[PDB]
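Structure record follows, encoded as structure tokens.
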Amino acid sequence: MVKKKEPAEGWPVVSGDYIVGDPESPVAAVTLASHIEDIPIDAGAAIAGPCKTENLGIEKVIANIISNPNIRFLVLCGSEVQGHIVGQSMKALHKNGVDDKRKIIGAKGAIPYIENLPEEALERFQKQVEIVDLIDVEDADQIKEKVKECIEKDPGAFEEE
Ligand code: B12
């Protein structure tokens, strides 16, 4: 009975390191430095993978989320990537956006620049999903429960006015 739309053709469009799950699940999971991509998928996520860079890696994540309107949650889990600091950089990008040199405002990551996505693609990212901070948590029971919680709170597919 929840509202679902069809994702872009050949989704996920952009090559990367991830596991695709249910394309209609509302939840995406970035595992960061950790190797736990399976745990969110077996709790019924749409897509889960590591992300180790605070620029190109982040751009690939966003491009592959916005192309599926069913996704309304982005879990950030697993150990933080030392120096790159991808987790905290992404939180900052969601909340603050980018400055006019395309630097992510507030990000502690060493080279937090989004060179390749346009502005409209970020605004969409900020409106489409909400962020769920489980950074430096690898506990399975925890990650599973948060993913099932999001599924229970599925607002359905996104659509701009
Ligand atoms: C080249 C490189 C950087 C480069 C610059 C490149 C850059 N972009 O900033 C430089 C040399 C500057 C660098 C420096 C060091 N690095 Co470095 N670096 C790398 C390397 C090779 C990057 C990997 C890469 O280019 N990946 C391409 C992108 C696309 O990969 P990705 O970020 O993971 O993105 C993935 C996701 O987007 C996913 N994906 C795609 N779509 C979707 C959708 C969804 C929903 C999801 C979930 C996922 C997903 O697919 C992508 C993979 O193809 C890695 C090695 C590695 N094992 O990955 C180390 C790595 C990131 N280095 C890291 C470290 C430690 C550093 C340093 C901090 C080390 C030091 N003390 O000097 C520094 C300094 C940081 C800094 N920037 O100043 C470590 C992290 C260790 C840790 N876990 O704590 C790594 C893993 C190497 C290692 N094993 O030691 N680094």
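Residues 1 to 161 (full-length UniProt numbering) make up the sequence shown, in order. Quick reminder that beta carbons are idealized off the backbone N, C-alpha and C, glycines included.
Suppose you measure from the CA of residue i to the CA of residue j; what does that come to, to the nearest Å?
i, j, result
"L32", "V86", "7 Å"
"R124", "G78", "25 Å"
"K3", "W11", "19 Å"
"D17", "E161", "33 Å"
"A46", "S15", "16 Å"
"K101", "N68", "28 Å"
"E152", "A43", "12 Å"
"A110", "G83", "6 Å"
"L122", "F73", "15 Å"
"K144", "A28", "12 Å"
"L93", "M1", "33 Å"
"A157", "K108", "32 Å"
"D139", "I39", "10 Å"
"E149", "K103", "33 Å"
Exposed or buried, what is residue i when buried is set at 16 or more other beta-carbons lying within 10 Å of its beta-carbon?
i, result
"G49", "buried"
"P118", "exposed"
"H35", "exposed"
"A8", "exposed"
"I105", "exposed"
"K146", "buried"
"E6", "exposed"
Would a check of beta-carbon distances place residue i closer than 8 Å to chain C?
i, result
"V61", "Going by chain labels, chain C is absent from the structure shown, which holds only one protein chain."
State the DSSP-derived secondary structure class of residue i, mapped to helix, strand or coil.
i, result
"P40", "helix"
"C77", "strand"
"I104", "strand"
"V2", "coil"
"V147", "helix"
"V61", "helix"
"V86", "helix"
To which residues does DSSP link residue i through a beta bridge?
i, result
"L134", "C77"
"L32", "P50"
"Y113", "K103"
"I19", "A48"
For residue i and residue j, which I take to be in contact (beta-carbon distance under 8 Å), what is that distance rounded to the nearest angstrom?
i, j, result
"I65", "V129", "6 Å"
"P112", "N70", "Between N70 and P112 the Cβ distance is about 28 Å, and since that is not below 8 Å, they are no contact."
"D133", "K95", "In fact, because the Cβ distance is near 11 Å, the residues do not count as touching under 8 Å."
"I135", "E59", "Contact doesn't hold; Cβ gap of about 19 Å is too wide."
"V61", "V30", "6 Å"
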